[PDB]
Amino acid sequence: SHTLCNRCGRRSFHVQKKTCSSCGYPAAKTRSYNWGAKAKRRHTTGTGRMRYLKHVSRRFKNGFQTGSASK
Amino acid sequence: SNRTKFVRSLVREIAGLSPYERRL
Amino acid sequence: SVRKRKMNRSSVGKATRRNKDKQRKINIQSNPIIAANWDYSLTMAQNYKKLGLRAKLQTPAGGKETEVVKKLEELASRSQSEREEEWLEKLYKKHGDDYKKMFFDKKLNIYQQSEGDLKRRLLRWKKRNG
Amino acid sequence: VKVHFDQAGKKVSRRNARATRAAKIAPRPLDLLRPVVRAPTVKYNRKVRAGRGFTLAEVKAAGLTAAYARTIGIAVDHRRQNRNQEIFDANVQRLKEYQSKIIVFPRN
Amino acid sequence: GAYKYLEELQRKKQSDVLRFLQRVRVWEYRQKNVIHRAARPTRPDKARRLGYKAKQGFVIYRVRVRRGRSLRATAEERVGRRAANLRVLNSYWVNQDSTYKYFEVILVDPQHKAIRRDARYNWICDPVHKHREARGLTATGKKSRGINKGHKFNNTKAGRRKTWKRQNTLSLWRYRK
Amino acid sequence: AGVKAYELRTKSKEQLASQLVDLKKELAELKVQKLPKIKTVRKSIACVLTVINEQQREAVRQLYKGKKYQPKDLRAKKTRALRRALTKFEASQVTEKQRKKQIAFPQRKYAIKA
Amino acid sequence: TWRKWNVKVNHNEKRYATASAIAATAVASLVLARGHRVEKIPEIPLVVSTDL
RNA sequence: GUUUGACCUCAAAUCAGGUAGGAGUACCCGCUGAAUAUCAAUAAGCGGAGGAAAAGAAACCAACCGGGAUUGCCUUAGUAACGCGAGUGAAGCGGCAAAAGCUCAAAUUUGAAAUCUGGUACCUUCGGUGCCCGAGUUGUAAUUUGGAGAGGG
RNA sequence: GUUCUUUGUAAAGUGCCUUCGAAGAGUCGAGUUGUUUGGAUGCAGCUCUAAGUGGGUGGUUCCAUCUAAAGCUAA
RNA sequence: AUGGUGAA
Ligand SMILES: [Zn+2]
């Protein structure tokens, strides 16, 4: 009935309906609801690698400076 | 203001009477 | 929260900022005289009283001139353009001190300046030059 | 349900903000001179209290303009009228005392 | 100025001249899309008094809304959704009939350097002004919100939900009163 | 151990490419064996590639020297929200009337004792 | 979190308690019963010069 | 003119310079919204922002010898008022925290659209200048926002 | 504090005399229908639609206070 | 009751 979803890979992509019940694929918005507090936590930001969000705090501390050290 | 009164009179003559005013 | 735990577990490290002490300390940055006499050990009201100044103009809520002399002593610490000067000189030569005649000069008083303005400008020119 | 555990924290923050304002506004007293006001509601009319700002008539009678007065630390309120000679005289005297006590540094 | 004459003429809305103008303009617009770019406003006095200026950065849009969430609010929301890169400042009525009601909305582009360097209009470039119609900050939105002074707006002076929260909260101090 | 970046800074594009090719050949030869030298050559390859990229980026910046609308790659990476939030000059812009009012009646510094 | 933590005390009662505590210090026997090794103090209450 | 030009309108370009989705969501704003009075402008849903948001300088509050932006607290007060039944429930005045006023439409710069976007070459590059291009006259700058204000001496 | 520049018959303020002296319409308002309020107000579909010594809010002949139908603004 | 899931 369901199949792997490219966006999330949760194996919840309905074959007949061609939609993912978990992440809402292919809808642009990611499916989420307030009553699904555990569901939101399972997919809340920070559960992944956070390749870019991690360094934002460090960059802000320096005022987003650019260049190089003067040695 | 005299100018305002003149403008109001000019507009009154230009616009004529409204359909509800024409009943008078 | 999930993000806080991830950050704590991540090897990137926290962007630590220690500024609690700096909230209590504030340096005066609007007067050189006050800075030399201001004492951070005392409070705002105490410092103002020590300097001899009022920290409140209205009746404050709840219960409660050796320096002002320097402030008082601190209190004791335009021309005409070349073209304007030439224009004034032309009119002065053509009419001298005859302000009324100068006013009606059609081909020298290009700008219809009043008698008062003309005489004031001429007096300024005379004082500056002669 | 909100509990004001921060009461001490709020007071400390207010004091720190006042100290910062003083540091930035060291020469000035942090306050604008306010006029005396008689309240409506006869239950309180006996009480005199500070107002928002001096009326234009009072400022004119004090020998200064509203635009200049504001730069010297005088609150100006153009909404309040004047209907009492005693209050007007008191406000004029207060403004005169303020002018005689203020010291203004040169702009040079 | 001529704008006073325009305002006075527009005061007599039911004049036979304005009736002809309106019935011509509605028919002309009926052959155009629901939302389309307008070359210039049809009511220069209203736009000028609403803050519109004929300079690079301002945009005029005409939108048609079904008669019978006010109609002006719906028009503002639609134009904002379509004009995502522009900010809705104000709008005014321009026509009506038995089937449709037409409103004109003026938009300012904050990306244009003319607006950014305009001291009298650069305020809209602040991110807090994004989608003013969405939060009902426009003239029509504020009017629908009941924001005003006096007893007639005591229950809706500033925030109908905020007062309910304030009167439903239980304030407890460290030392009980 | 390995190559030094400070030595490779002054090398030319052709010399850097030749060094990269030699390092790649060495890595390919070592892969057949399967040995810390593999790590050293891998690090040298990365250093050479980084030096080449740095040289290319500075050359690109030089060709776009001073002219408006440089490539977005060289533009600031601060954040999306800071490209908006009008710059200092735009924010400081003030109408002539307000400037005249400020000049006529600038905020004065004063104290109230006498 | 809204449980009572602070106790309101009359200001007059607070001053009374402070005065009683201050007075209690004047009795050496009472101070001795408090556990302080005041057995060798030259005088009670102990008064010292301001240079301290 | 059995032509050639001014515009206005409408399309297109792998055109140059730009922005929009979405994520997060404790607080903010709007819409919608249950389990005739009550749970209720709650729960849930949708859209839109920031470090705060909204509101904000009265077609205000008062009937006084009057107060004078908005906002938060105590008080007003469990009062007025209502549903007079269970129950809901304000607001002025008063004290406190912090205070800042302004910008357009409106009456001719007409003795000079004096305004502004963009391209180009430089410099002291969050911008400035010479030139060009285009917008603007169906109004871009200064002068006025009721506290009046404007032409003159 | 230190150093170069201003200028151009350039821009403002004070008191007096003089000649003038604009003000957000399908908007206010009434009617009706849905909606909210403990407020009878406000919100909302639609017929009509207001005046400039005019209009809104309050009471015993009216007297008191502002000038809505645009917008910005830290605490 | 609100929002979703699969099932002809
Ligand atoms: Zn999926």
# chains A, B, ... in the order shown; residues from 1 in each chain; ligands from 1
$ interface_residues --of "chain B" --to "chain H" --cutoff "12 Å" --atoms "only C-alpha atoms (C1' of nucleotides)" --output "ChimeraX atom specification"
/B:1,3-4
$ residues_around --residues "residue 8 in chain I" --least-positions-apart "4" --cutoff "12 Å" --atoms "only C-alpha atoms (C1' of nucleotides)" --output "list in words"
residues 78, 79, 80, 81, 82, 83, 84 and 85 of chain C
$ write_last_selection --atoms "C-alpha atoms" --output "PDB file, in the first residue's frame"
ATOM      1  CA  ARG C  78      29.872  84.509   8.912  1.00  0.00           C
ATOM      2  CA  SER C  79      30.923  86.828   6.077  1.00  0.00           C
ATOM      3  CA  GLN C  80      29.844  87.857   2.572  1.00  0.00           C
ATOM      4  CA  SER C  81      30.658  86.052  -0.662  1.00  0.00           C
ATOM      5  CA  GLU C  82      33.051  87.533  -3.208  1.00  0.00           C
ATOM      6  CA  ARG C  83      30.246  87.996  -5.738  1.00  0.00           C
ATOM      7  CA  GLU C  84      28.061  89.439  -2.977  1.00  0.00           C
ATOM      8  CA  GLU C  85      30.889  91.798  -2.013  1.00  0.00           C
TER       9      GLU C  85
END
$ residues_near_ligand --ligand "ligand 1" --cutoff "7 Å" --atoms "only C-alpha atoms (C1' of nucleotides) and all ligand atoms" --output "PyMOL selection string"
chain A and resi 5-10+12-13+20-25
$ write_last_selection --atoms "N, CA, C and O atoms" --output "PDB file, in the first residue's frame"
ATOM      1  N   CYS A   5       9.406   7.122   0.536  1.00  0.00           N
ATOM      2  CA  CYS A   5       9.203   8.507   0.137  1.00  0.00           C
ATOM      3  C   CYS A   5      10.556   9.187  -0.019  1.00  0.00           C
ATOM      4  O   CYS A   5      11.418   9.071   0.858  1.00  0.00           O
ATOM      5  N   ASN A   6      10.739   9.893  -1.136  1.00  0.00           N
ATOM      6  CA  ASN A   6      12.022  10.535  -1.400  1.00  0.00           C
ATOM      7  C   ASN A   6      12.339  11.591  -0.348  1.00  0.00           C
ATOM      8  O   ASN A   6      13.480  11.690   0.119  1.00  0.00           O
ATOM      9  N   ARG A   7      11.344  12.394   0.035  1.00  0.00           N
ATOM     10  CA  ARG A   7      11.596  13.485   0.971  1.00  0.00           C
ATOM     11  C   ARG A   7      12.004  12.963   2.345  1.00  0.00           C
ATOM     12  O   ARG A   7      12.927  13.503   2.966  1.00  0.00           O
ATOM     13  N   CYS A   8      11.338  11.919   2.834  1.00  0.00           N
ATOM     14  CA  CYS A   8      11.554  11.432   4.191  1.00  0.00           C
ATOM     15  C   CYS A   8      11.976   9.973   4.270  1.00  0.00           C
ATOM     16  O   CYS A   8      12.641   9.597   5.239  1.00  0.00           O
ATOM     17  N   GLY A   9      11.611   9.143   3.297  1.00  0.00           N
ATOM     18  CA  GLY A   9      11.971   7.741   3.361  1.00  0.00           C
ATOM     19  C   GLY A   9      11.289   6.970   4.467  1.00  0.00           C
ATOM     20  O   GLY A   9      11.805   5.934   4.896  1.00  0.00           O
ATOM     21  N   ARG A  10      10.137   7.442   4.939  1.00  0.00           N
ATOM     22  CA  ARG A  10       9.416   6.790   6.024  1.00  0.00           C
ATOM     23  C   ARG A  10       8.590   5.598   5.556  1.00  0.00           C
ATOM     24  O   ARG A  10       7.932   4.959   6.383  1.00  0.00           O
ATOM     25  N   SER A  12       5.882   5.628   3.811  1.00  0.00           N
ATOM     26  CA  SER A  12       4.481   5.989   3.995  1.00  0.00           C
ATOM     27  C   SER A  12       3.900   6.664   2.756  1.00  0.00           C
ATOM     28  O   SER A  12       2.886   7.363   2.852  1.00  0.00           O
ATOM     29  N   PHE A  13       4.521   6.470   1.594  1.00  0.00           N
ATOM     30  CA  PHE A  13       4.046   7.057   0.346  1.00  0.00           C
ATOM     31  C   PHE A  13       2.993   6.133  -0.256  1.00  0.00           C
ATOM     32  O   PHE A  13       3.318   5.052  -0.756  1.00  0.00           O
ATOM     33  N   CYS A  20       2.333  11.112   0.602  1.00  0.00           N
ATOM     34  CA  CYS A  20       2.931  10.625   1.838  1.00  0.00           C
ATOM     35  C   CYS A  20       2.132  11.165   3.017  1.00  0.00           C
ATOM     36  O   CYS A  20       1.978  12.383   3.161  1.00  0.00           O
ATOM     37  N   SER A  21       1.625  10.260   3.856  1.00  0.00           N
ATOM     38  CA  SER A  21       0.816  10.671   4.996  1.00  0.00           C
ATOM     39  C   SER A  21       1.650  11.286   6.112  1.00  0.00           C
ATOM     40  O   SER A  21       1.103  12.018   6.943  1.00  0.00           O
ATOM     41  N   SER A  22       2.953  11.009   6.152  1.00  0.00           N
ATOM     42  CA  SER A  22       3.789  11.510   7.239  1.00  0.00           C
ATOM     43  C   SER A  22       4.229  12.948   6.988  1.00  0.00           C
ATOM     44  O   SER A  22       3.899  13.854   7.762  1.00  0.00           O
ATOM     45  N   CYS A  23       4.975  13.177   5.909  1.00  0.00           N
ATOM     46  CA  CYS A  23       5.529  14.491   5.616  1.00  0.00           C
ATOM     47  C   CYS A  23       4.666  15.316   4.670  1.00  0.00           C
ATOM     48  O   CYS A  23       4.980  16.488   4.436  1.00  0.00           O
ATOM     49  N   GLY A  24       3.597  14.743   4.120  1.00  0.00           N
ATOM     50  CA  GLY A  24       2.733  15.479   3.220  1.00  0.00           C
ATOM     51  C   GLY A  24       3.211  15.554   1.788  1.00  0.00           C
ATOM     52  O   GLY A  24       2.656  16.340   1.011  1.00  0.00           O
ATOM     53  N   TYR A  25       4.214  14.769   1.411  1.00  0.00           N
ATOM     54  CA  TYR A  25       4.695  14.788   0.039  1.00  0.00           C
ATOM     55  C   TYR A  25       3.548  14.450  -0.912  1.00  0.00           C
ATOM     56  O   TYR A  25       2.719  13.587  -0.599  1.00  0.00           O
TER      57      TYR A  25
END
$ residues_around --residues "range 115-128 of chain C" --least-positions-apart "5" --cutoff "9 Å" --atoms "only C-alpha atoms (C1' of nucleotides)" --output "VMD selection string"
(chain C and resid 79 to 80 85 88 to 89 92 97 99 to 100 102 to 103) or (chain H and resid 153) or (chain I and resid 9)
$ interface_residues --of "chain F" --to "chain I" --cutoff "10 Å" --atoms "only C-alpha atoms (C1' of nucleotides)" --output "CSV table (one decimal) with C-alpha atoms, in the first residue's frame"
chain,number,residue,atom,x,y,z
F,100,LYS,CA,16.7,71.8,9.2
F,101,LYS,CA,14.7,71.3,12.4
F,103,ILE,CA,20.1,72.1,13.0
F,104,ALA,CA,17.9,75.0,14.2
F,105,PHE,CA,17.1,73.3,17.6
$ interface_residues --of "chain F" --to "chain E" --cutoff "10 Å" --atoms "only C-alpha atoms" --output "PyMOL selection string"
chain F and resi 81+84-87+89-96
$ closest_atom_pairs --of "chain F" --to "range 100-105 of chain D" --cutoff "7 Å" --atoms "only C-alpha atoms" --output "JSON lines"
{"residue": "F:109", "atom": "CA", "partner": "D:104", "partner_atom": "CA", "distance": 6.1}
{"residue": "F:110", "atom": "CA", "partner": "D:104", "partner_atom": "CA", "distance": 4.5}
{"residue": "F:111", "atom": "CA", "partner": "D:103", "partner_atom": "CA", "distance": 5.4}
{"residue": "F:112", "atom": "CA", "partner": "D:102", "partner_atom": "CA", "distance": 4.4}
{"residue": "F:113", "atom": "CA", "partner": "D:101", "partner_atom": "CA", "distance": 5.4}
{"residue": "F:114", "atom": "CA", "partner": "D:101", "partner_atom": "CA", "distance": 3.7}
$ residues_around --residues "residue 56 in chain C" --least-positions-apart "6" --cutoff "10 Å" --atoms "only C-alpha atoms (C1' of nucleotides)" --output "VMD selection string"
(chain C and resid 45 48) or (chain D and resid 28 to 33) or (chain F and resid 112)
$ interface_residues --of "chain D" --to "chain E" --cutoff "8 Å" --atoms "only C-alpha atoms" --output "VMD selection string"
chain D and resid 1 to 5 7
$ write_last_selection --atoms "N, CA, C and O atoms" --output "PDB file, in the first residue's frame"
ATOM      1  N   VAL D   1      -1.935  31.049  35.069  1.00  0.00           N
ATOM      2  CA  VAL D   1      -1.467  31.509  36.406  1.00  0.00           C
ATOM      3  C   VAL D   1      -0.041  32.035  36.301  1.00  0.00           C
ATOM      4  O   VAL D   1       0.887  31.284  35.999  1.00  0.00           O
ATOM      5  N   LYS D   2       0.127  33.330  36.554  1.00  0.00           N
ATOM      6  CA  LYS D   2       1.422  33.992  36.490  1.00  0.00           C
ATOM      7  C   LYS D   2       1.852  34.398  37.893  1.00  0.00           C
ATOM      8  O   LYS D   2       1.081  35.030  38.623  1.00  0.00           O
ATOM      9  N   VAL D   3       3.076  34.034  38.263  1.00  0.00           N
ATOM     10  CA  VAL D   3       3.654  34.375  39.558  1.00  0.00           C
ATOM     11  C   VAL D   3       4.822  35.319  39.320  1.00  0.00           C
ATOM     12  O   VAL D   3       5.701  35.037  38.496  1.00  0.00           O
ATOM     13  N   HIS D   4       4.831  36.441  40.041  1.00  0.00           N
ATOM     14  CA  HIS D   4       5.826  37.492  39.833  1.00  0.00           C
ATOM     15  C   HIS D   4       7.110  37.193  40.613  1.00  0.00           C
ATOM     16  O   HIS D   4       7.535  37.939  41.493  1.00  0.00           O
ATOM     17  N   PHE D   5       7.733  36.065  40.263  1.00  0.00           N
ATOM     18  CA  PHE D   5       9.038  35.743  40.833  1.00  0.00           C
ATOM     19  C   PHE D   5      10.096  36.743  40.392  1.00  0.00           C
ATOM     20  O   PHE D   5      11.095  36.943  41.094  1.00  0.00           O
ATOM     21  N   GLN D   7       9.889  39.928  40.255  1.00  0.00           N
ATOM     22  CA  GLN D   7       9.741  41.250  40.856  1.00  0.00           C
ATOM     23  C   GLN D   7      11.095  41.860  41.203  1.00  0.00           C
ATOM     24  O   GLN D   7      11.405  42.987  40.802  1.00  0.00           O
TER      25      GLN D   7
END
$ interface_residues --of "chain D" --to "chain C" --cutoff "12 Å" --atoms "only C-alpha atoms" --output "compact mmCIF listing (two decimals) with C-alpha atoms, in the first residue's frame"
# COMPACT_ATOMS: atom_id res chain seq x y z
CA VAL D 12 17.11 45.23 39.10
CA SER D 13 16.54 45.52 35.34
CA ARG D 14 14.80 48.88 35.79
CA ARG D 15 17.67 50.15 37.94
CA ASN D 16 20.21 48.98 35.35
CA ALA D 17 18.25 50.70 32.57
CA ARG D 18 18.15 53.92 34.61
CA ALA D 19 21.90 53.69 35.21
CA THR D 20 22.50 53.16 31.48
CA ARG D 21 20.34 56.19 30.68
CA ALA D 22 22.33 58.23 33.20
CA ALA D 23 25.59 57.08 31.61
CA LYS D 24 24.30 58.16 28.20
CA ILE D 25 22.47 61.18 29.67
CA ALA D 26 24.96 62.02 32.44
CA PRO D 27 24.73 65.84 32.23
CA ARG D 28 20.92 65.91 32.18
CA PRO D 29 18.67 64.77 35.05
CA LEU D 30 16.83 62.07 33.01
CA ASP D 31 13.51 63.91 33.56
CA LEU D 32 11.61 66.68 31.81
CA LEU D 33 10.24 69.50 33.96
CA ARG D 34 6.49 69.00 34.45
CA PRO D 35 3.78 71.52 35.41
CA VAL D 36 1.49 71.44 38.42
CA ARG D 49 -0.20 66.61 40.78
CA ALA D 50 2.37 66.83 38.00
CA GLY D 51 1.16 67.13 34.42
CA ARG D 52 2.39 65.98 31.04
CA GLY D 73 14.26 69.56 29.14
CA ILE D 74 10.80 71.16 29.45
CA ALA D 75 7.74 69.05 28.65
CA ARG D 94 8.48 76.88 38.23
CA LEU D 95 9.63 77.50 34.65
CA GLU D 97 13.25 78.71 38.51
CA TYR D 98 14.15 75.94 36.06
CA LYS D 101 18.94 76.84 37.66
CA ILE D 102 19.76 75.13 34.34
CA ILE D 103 23.28 75.36 32.92
CA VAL D 104 23.77 74.89 29.17
CA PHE D 105 27.15 74.00 27.69
CA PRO D 106 28.26 75.80 24.51
CA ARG D 107 27.71 74.05 21.19
CA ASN D 108 31.18 75.10 19.97
